[PDB]
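A single chain, nothing else alongside it, follows as structure tokens in the form deposited in one PDB entry.
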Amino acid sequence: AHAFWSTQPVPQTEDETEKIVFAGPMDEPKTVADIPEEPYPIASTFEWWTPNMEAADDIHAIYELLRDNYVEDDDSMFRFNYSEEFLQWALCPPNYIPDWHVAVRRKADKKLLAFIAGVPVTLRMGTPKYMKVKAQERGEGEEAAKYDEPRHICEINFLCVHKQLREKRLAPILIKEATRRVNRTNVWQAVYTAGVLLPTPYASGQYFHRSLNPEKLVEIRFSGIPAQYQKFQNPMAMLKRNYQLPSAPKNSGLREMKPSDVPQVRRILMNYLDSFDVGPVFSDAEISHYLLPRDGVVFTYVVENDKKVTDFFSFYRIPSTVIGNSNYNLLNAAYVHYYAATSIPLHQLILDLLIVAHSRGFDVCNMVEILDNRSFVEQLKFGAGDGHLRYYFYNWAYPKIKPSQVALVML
């Protein structure tokens, strides 16, 4: 019984979602004129605040809110610690809209208490290929193709309410106010992810994790000793051997991506992403923004053969605070980002990612089974995680799809 989500333009049940066969909007059309001009009222001790993401002190305030109050694991042993440089990167892509970053602060002391972020993305979100096949059989190809044009929508992330203000219905008001500012911009759909189940995902993918420093991961209780290893005299020793990696990449031609690589990377990435049912469309400027190496934030390598870029991979860094371990205070996680392989098997491309990440000091490589990520899980010794990432749209009916038909990486 969802007091807020039952009022919203999202499919309300799995049964409803299972019956959706065409993509399109949920709400009847509205105009900007239909949308309230003023921010929603809130308690007189609080005020709305739009952070200036180009101000180091505002980024620092957001940083500290998220550091202390953002996503924790179920046992409260790890908490995301997105860096300030990461936040400026994720929040300020090309043509970002400052007003879509919505915060609540306390009037008296100006303390930041809650936050939600939206950024523009151009997303292909038309009817899935297989549903189009079936629709053509029924003579409904026109209906199924109606919304194939890429759409300029909002991607929502970083929803966060201070631990002190939880379960006080602040999150719905934040979501409503974000929806209002986005609607006032003449944007009517959003895409978001969450590790929890809400009404109603169009896709869900399990997390997988590739141990790079298994001794640390066991010590901090990220991982355990698999039971099969208890047959050994020194299980940890054999675990370290199992996960051992070469010290250098195996692909001749691998090097860091350069600005001059952007056009070729854009071409091979878009060729790949275009084969998925849901996926972003990136300009040169967005490829540069999201993939050019940034110290401590995003790491991107290309394979060059005969003076042509034929493959690339990227990963980004999010450390987690380790809560209450005597020997470690941080978990250094690399997350598989976008990639594209044309000259080599994908598992060989991602093996070099693991090797590079290990050599740059990362403890674990994480991913969700979107893109073709599932296809190399066994080959490269990823293990299944406890968590799933659910993909949602706001104001968009969408048929259920497998995560392997999703090509949008969420930071």
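By rigid core we mean the largest C-alpha set that fits within 1.5 Å across both forms. Throughout, we count residues from 1 along the sequence that is shown.
Q: Output the stretch having the higher mean C-alpha B factor in the entry; the candidates are 131-139 and 272-280.
A: It is 131-139 that shows the higher mean C-alpha B-factor.
Q: Test of understanding: from the entry's C-alpha B-factors, which stretch has the higher mean, 2-10 or 402-410?
A: Stretch with the greater average CA B-factor: 2-10.
Q: Per the PDB entry, which option out of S204, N157, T200, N325 has the greatest Cα B factor?
A: Max CA B-factor in the entry, restricted to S204, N157, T200, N325: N325.
Q: Which is it among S320, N95, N183, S314: the one with the largest CA B-factor in the entry?
A: In the PDB entry, the greatest C-alpha B-factor among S320, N95, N183, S314 is found at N95.
Q: According to the PDB entry, is the CA B factor of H388 in the bottom, middle or top third of its chain, that is, lowest, middle or highest?
A: Middle third by C-alpha B-factor.
Q: Thinking about Cα B factors across the chain, which third does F46 belong to?
A: Highest third - that is where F46 ends up once the chain's C-alpha B-factors are sorted.
Q: Consider only the C-alpha atoms of the modelled residues in this chain, order them by B-factor as the entry records it, and name the third containing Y147: lowest, middle or highest.
A: It belongs to the highest third of the chain when residues are ordered by C-alpha B-factor.
Q: Place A33 in the lowest, middle or highest third of its chain's C-alpha B-factors, as listed in the PDB entry.
A: It belongs to the highest third of the chain when residues are ordered by C-alpha B-factor.
Q: Once the chain's modelled residues are ordered by C-alpha B factor and cut into thirds, is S83 in the lowest, middle or highest one?
A: Tercile = lowest for this residue's CA B-factor.
One more form of this protein exists, namely the form deposited in another entry; it is left out here, but the text below deals with it.
Q: Fit the core first: which of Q164, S275, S76, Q233 then shifts its CA by 2 Å or more between the shown form and the other one?
A: With the rigid core superposed, the residue that stands out is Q233.
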